[PDB]
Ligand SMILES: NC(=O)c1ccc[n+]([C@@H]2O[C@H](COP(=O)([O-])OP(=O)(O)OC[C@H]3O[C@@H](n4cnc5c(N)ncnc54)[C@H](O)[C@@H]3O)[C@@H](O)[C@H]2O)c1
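One chain is shown next in structure tokens, namely the form deposited without this ligand.
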């Protein structure tokens, strides 16, 4: 079989020959008890760069050892890409949400041999599930593999915005000291009101990390959490996003993009936030209306915005979120720390081993099971 694997470019300095650290912590399970991936073996040391083209998710020796072919590329856009060229022949497609190979209905139509699409990471946003279902394609993801990573990135961004970290660091590099310049926008987080949109795996990991900073916690979710969980974390539930944001100093978005959440943070909703609110979004770019964010930061309605998701992706050089005031943005990287890569590469191999041995893929990894379909 041919496995077609899209990954991001190597670093501009080439695939790394050395790392800052020799190893990473061994993670054996996630909150709630799901076990970390259990492939029969891995052909990498956890800590190596796996998500880029020369990293190959550590899959080449395994796949070629079985007599299969592995094509890896970063070239994935348009009918004229290496991805589209190689697709007709591919039994399996793998990509990450950080550099996704879109499986649109037209590509799936052209993908004559395709039977399994694996997300190396979490989600299936780049795959058209209706066309997958129609064509008997199994869709799998490595559930929970980077949820904790994202939650850390979120809390890091909250603290950096509220405390005015980045401008302060910049004074150091510029040769300055400028205490008053640093601190005329510097606040503590303590006792601020912080709310999350959605309390899934990431939202709940964020609320747990925020709790000992002694903030007051709020959330909105289409499905209200159990009373024991509200009590444990001291959560105030709100029946809507609007109700919630009126009382929050900080708002974090941890929700999927669906009709209910597209352009949720528009001029009007942002106008209902408290003046000088902080808004963090590691969920989906289009949940926050691009220009409404720029406009609110320019007016001071938002005191800061940060997150790692953009529309489109990659962001063009002229994307206005790059130059708007008071942001703490990164590129889309939160779920692809080296620690997370070790987990999702291991889960990718676990899935592939099940596929080739005709053993069931773990139920929690399966988004659509082609084996259940006619």
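Positions refer to the first chain, counted from 1.
Just so it is clear, the following notes concern the form solved in complex with this ligand, a form of the same protein that is not shown.
> Would this ligand in the deposited complex be within 4.5 angstroms of a non-hydrogen atom of every residue among 198, 283 and 335?
Replying inline: Affirmative, all three are within 4.5 Å.
> Want to guess which of 207 to 215, 78 to 86, 122 to 130, 186 to 194 is within 4.5 Å of this ligand in the deposited complex, heavy atoms only?
Replying inline: Stretch with heavy atoms near the partner: 122 to 130.
> in the deposited complex, does residue 91 have a heavy atom within 4.5 Å of this ligand?
Replying inline: Although this ligand is absent here, residue 91 would stay clear of it in the deposited complex, with no heavy atoms inside 4.5 Å.
> Looking in the deposited complex, any heavy atom of residue 105 within 4.5 Å of this ligand?
Replying inline: Flag for residue 105 set to no.
>> residue 138 versus this ligand, in the deposited complex: is there a non-hydrogen atom within 4.5 Å?
In response: Answer no; every heavy atom of residue 138 is more than 4.5 Å from this ligand in the deposited complex.
> So in the deposited complex, does residue 232 come within 4.5 Å of this ligand, heavy atom to heavy atom?
Replying inline: No, residue 232 stays farther than 4.5 Å from this ligand in the deposited complex.
>> If the cut-off is 4.5 angstroms on heavy atoms, which of these, 59, 324, 309, 306, is the one near this ligand in the deposited complex?
In response: So the residue touching this ligand in the deposited complex, by this definition, is 309.
>> Considering non-hydrogen atoms and a 4.5 Å limit, which listed residue (288, 157, 202, 302) is close to this ligand in the deposited complex?
In response: None of the other options qualify; the answer is 202.
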